[PDB]
Structure formats: C-alpha cells, structure tokens
Amino acid sequence: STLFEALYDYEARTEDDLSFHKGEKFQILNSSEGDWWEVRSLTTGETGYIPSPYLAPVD
C-alpha cells in the first residue's frame, strides 16, 4: 500500500515490540490485525509490533 512515519517517540513495552523516534519510517508487513500492526524497521532492520495510532501515512 504505502509507507508510514512516526509522529511521537515510542519505547518497546514487550520483548517482541520495537522502539523508535519521531520521523522514523516503516514498511508494513501486515495491517489487517486491528489498531496493532506488524512492521519492519527500515532503520535497524528488526521486526516487531507497534501501535498504529502513533503513525501517519506518508504523502
């Protein structure tokens, strides 16, 4: 579909969650699971889950 960017800093709450800073972009792995999306960090190359409302679509 489209890439998404961070609006606010976020710290991983679980062992499977990813930490990021505002302005970080991500590639969507799966977004049909609700307000909780599966993504890949384009900056670190790691995989995990993060809250979808902390992001906004690019362009």
# chains A, B, ... in the order shown; residues from 1 in each chain; ligands from 1

$ residues_around --residues "range 31-38 of chain A" --least-positions-apart "3" --cutoff "12 Å" --atoms "only C-alpha atoms" --output "mmCIF file with N, CA and C atoms, in the first residue's frame"
data_model
loop_
_atom_site.group_PDB
_atom_site.id
_atom_site.type_symbol
_atom_site.label_atom_id
_atom_site.label_comp_id
_atom_site.auth_asym_id
_atom_site.auth_seq_id
_atom_site.Cartn_x
_atom_site.Cartn_y
_atom_site.Cartn_z
ATOM 1 N N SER A 1 0.845 -1.208 0.000
ATOM 2 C CA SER A 1 0.000 0.000 0.000
ATOM 3 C C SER A 1 0.878 1.255 0.000
ATOM 4 N N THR A 2 1.223 1.767 1.192
ATOM 5 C CA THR A 2 2.046 2.956 1.394
ATOM 6 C C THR A 2 2.844 2.842 2.701
ATOM 7 N N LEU A 3 3.948 3.598 2.785
ATOM 8 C CA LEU A 3 4.809 3.652 3.962
ATOM 9 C C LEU A 3 4.162 4.579 5.000
ATOM 10 N N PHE A 4 4.583 4.448 6.265
ATOM 11 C CA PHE A 4 4.078 5.238 7.385
ATOM 12 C C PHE A 4 5.259 5.817 8.171
ATOM 13 N N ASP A 16 8.852 -8.397 22.226
ATOM 14 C CA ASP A 16 8.540 -8.501 20.805
ATOM 15 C C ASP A 16 8.239 -7.136 20.158
ATOM 16 N N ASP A 17 8.229 -6.032 20.927
ATOM 17 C CA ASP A 17 7.942 -4.690 20.424
ATOM 18 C C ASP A 17 9.232 -3.980 19.992
ATOM 19 N N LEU A 18 9.074 -3.003 19.087
ATOM 20 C CA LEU A 18 10.149 -2.183 18.532
ATOM 21 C C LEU A 18 10.095 -0.762 19.098
ATOM 22 N N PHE A 26 8.587 3.119 8.348
ATOM 23 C CA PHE A 26 8.384 1.682 8.396
ATOM 24 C C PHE A 26 7.698 1.139 7.148
ATOM 25 N N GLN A 27 7.943 -0.157 6.928
ATOM 26 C CA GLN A 27 7.392 -0.970 5.861
ATOM 27 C C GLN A 27 6.381 -1.884 6.554
ATOM 28 N N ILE A 28 5.158 -1.918 6.017
ATOM 29 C CA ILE A 28 4.056 -2.688 6.574
ATOM 30 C C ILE A 28 4.137 -4.153 6.140
ATOM 31 N N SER A 41 11.345 -2.288 10.768
ATOM 32 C CA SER A 41 12.071 -1.050 10.951
ATOM 33 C C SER A 41 13.071 -0.953 9.806
ATOM 34 N N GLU A 46 15.146 -4.644 12.236
ATOM 35 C CA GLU A 46 14.467 -5.552 13.160
ATOM 36 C C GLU A 46 12.957 -5.584 12.884
ATOM 37 N N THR A 47 12.282 -6.639 13.370
ATOM 38 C CA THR A 47 10.842 -6.849 13.206
ATOM 39 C C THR A 47 10.138 -6.947 14.564
ATOM 40 N N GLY A 48 8.911 -6.411 14.613
ATOM 41 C CA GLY A 48 8.063 -6.404 15.795
ATOM 42 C C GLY A 48 6.723 -5.709 15.550
ATOM 43 N N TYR A 49 6.009 -5.460 16.656
ATOM 44 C CA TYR A 49 4.709 -4.800 16.685
ATOM 45 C C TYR A 49 4.790 -3.464 17.418
ATOM 46 N N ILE A 50 4.028 -2.490 16.904
ATOM 47 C CA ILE A 50 3.931 -1.131 17.426
ATOM 48 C C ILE A 50 2.498 -0.601 17.241
ATOM 49 N N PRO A 51 2.056 0.366 18.071
ATOM 50 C CA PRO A 51 0.722 0.940 17.977
ATOM 51 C C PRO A 51 0.568 1.793 16.709
ATOM 52 N N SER A 52 -0.422 1.435 15.876
ATOM 53 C CA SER A 52 -0.772 2.130 14.643
ATOM 54 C C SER A 52 -1.163 3.619 14.817
ATOM 55 N N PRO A 53 -1.872 4.079 15.884
ATOM 56 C CA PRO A 53 -2.229 5.495 16.045
ATOM 57 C C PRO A 53 -1.030 6.446 16.206
ATOM 58 N N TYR A 54 0.167 5.937 16.548
ATOM 59 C CA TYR A 54 1.378 6.748 16.693
ATOM 60 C C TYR A 54 1.977 7.071 15.307
ATOM 61 N N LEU A 55 1.397 6.529 14.221
ATOM 62 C CA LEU A 55 1.843 6.709 12.847
ATOM 63 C C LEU A 55 0.779 7.382 11.971
#

$ atom_distance --atom1 "CA of residue 58 in chain A" --atom2 "CA of residue 42 in chain A"
14.2 Å

$ closest_residue --among "A:45, A:22, A:56, A:29" --to "residue 10 in chain A" --atoms "only C-alpha atoms"
A:22

$ select_by_dssp --residues "chain A" --states "strand (DSSP E or B)" --output "MDAnalysis selection string"
chainID A and resid 4:6 10 17 20 25:30 36:41 47:51 55:57

$ write_last_selection --atoms "N, CA and C atoms" --output "compact mmCIF listing (two decimals), in the first residue's frame"
# COMPACT_ATOMS: atom_id res chain seq x y z
N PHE A 4 4.58 4.45 6.26
CA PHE A 4 4.08 5.24 7.39
C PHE A 4 5.26 5.82 8.17
N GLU A 5 5.07 7.01 8.75
CA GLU A 5 6.07 7.73 9.54
C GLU A 5 5.56 8.00 10.96
N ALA A 6 6.50 8.11 11.91
CA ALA A 6 6.24 8.34 13.33
C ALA A 6 5.98 9.81 13.67
N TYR A 10 8.43 6.42 20.89
CA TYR A 10 7.81 5.24 21.48
C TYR A 10 8.90 4.28 21.97
N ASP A 17 8.23 -6.03 20.93
CA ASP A 17 7.94 -4.69 20.42
C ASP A 17 9.23 -3.98 19.99
N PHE A 20 11.32 3.31 18.71
CA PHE A 20 11.59 4.27 17.63
C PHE A 20 11.45 5.71 18.13
N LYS A 25 10.53 5.90 9.58
CA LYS A 25 9.64 5.28 8.61
C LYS A 25 9.70 3.76 8.73
N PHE A 26 8.59 3.12 8.35
CA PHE A 26 8.38 1.68 8.40
C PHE A 26 7.70 1.14 7.15
N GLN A 27 7.94 -0.16 6.93
CA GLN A 27 7.39 -0.97 5.86
C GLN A 27 6.38 -1.88 6.55
N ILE A 28 5.16 -1.92 6.02
CA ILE A 28 4.06 -2.69 6.57
C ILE A 28 4.14 -4.15 6.14
N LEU A 29 4.18 -5.05 7.13
CA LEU A 29 4.22 -6.50 6.93
C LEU A 29 2.78 -7.02 6.92
N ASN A 30 1.94 -6.56 7.87
CA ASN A 30 0.54 -6.93 7.98
C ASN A 30 -0.20 -5.86 8.80
N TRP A 36 -3.27 -2.66 16.02
CA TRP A 36 -1.97 -3.24 16.35
C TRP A 36 -1.42 -3.82 15.04
N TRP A 37 -0.43 -3.15 14.44
CA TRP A 37 0.19 -3.56 13.17
C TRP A 37 1.58 -4.17 13.33
N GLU A 38 1.88 -5.07 12.38
CA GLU A 38 3.14 -5.78 12.23
C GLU A 38 3.95 -4.97 11.22
N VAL A 39 5.18 -4.60 11.59
CA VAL A 39 6.06 -3.80 10.73
C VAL A 39 7.53 -4.22 10.85
N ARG A 40 8.32 -3.68 9.91
CA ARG A 40 9.75 -3.84 9.81
C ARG A 40 10.38 -2.45 9.86
N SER A 41 11.35 -2.29 10.77
CA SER A 41 12.07 -1.05 10.95
C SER A 41 13.07 -0.95 9.81
N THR A 47 12.28 -6.64 13.37
CA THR A 47 10.84 -6.85 13.21
C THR A 47 10.14 -6.95 14.56
N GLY A 48 8.91 -6.41 14.61
CA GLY A 48 8.06 -6.40 15.79
C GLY A 48 6.72 -5.71 15.55
N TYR A 49 6.01 -5.46 16.66
CA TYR A 49 4.71 -4.80 16.68
C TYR A 49 4.79 -3.46 17.42
N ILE A 50 4.03 -2.49 16.90
CA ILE A 50 3.93 -1.13 17.43
C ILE A 50 2.50 -0.60 17.24
N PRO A 51 2.06 0.37 18.07
CA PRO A 51 0.72 0.94 17.98
C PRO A 51 0.57 1.79 16.71
N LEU A 55 1.40 6.53 14.22
CA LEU A 55 1.84 6.71 12.85
C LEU A 55 0.78 7.38 11.97
N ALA A 56 1.27 7.97 10.87
CA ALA A 56 0.51 8.66 9.83
C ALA A 56 1.06 8.25 8.46
N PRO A 57 0.21 8.06 7.43
CA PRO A 57 0.66 7.66 6.10
C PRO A 57 1.50 8.77 5.44
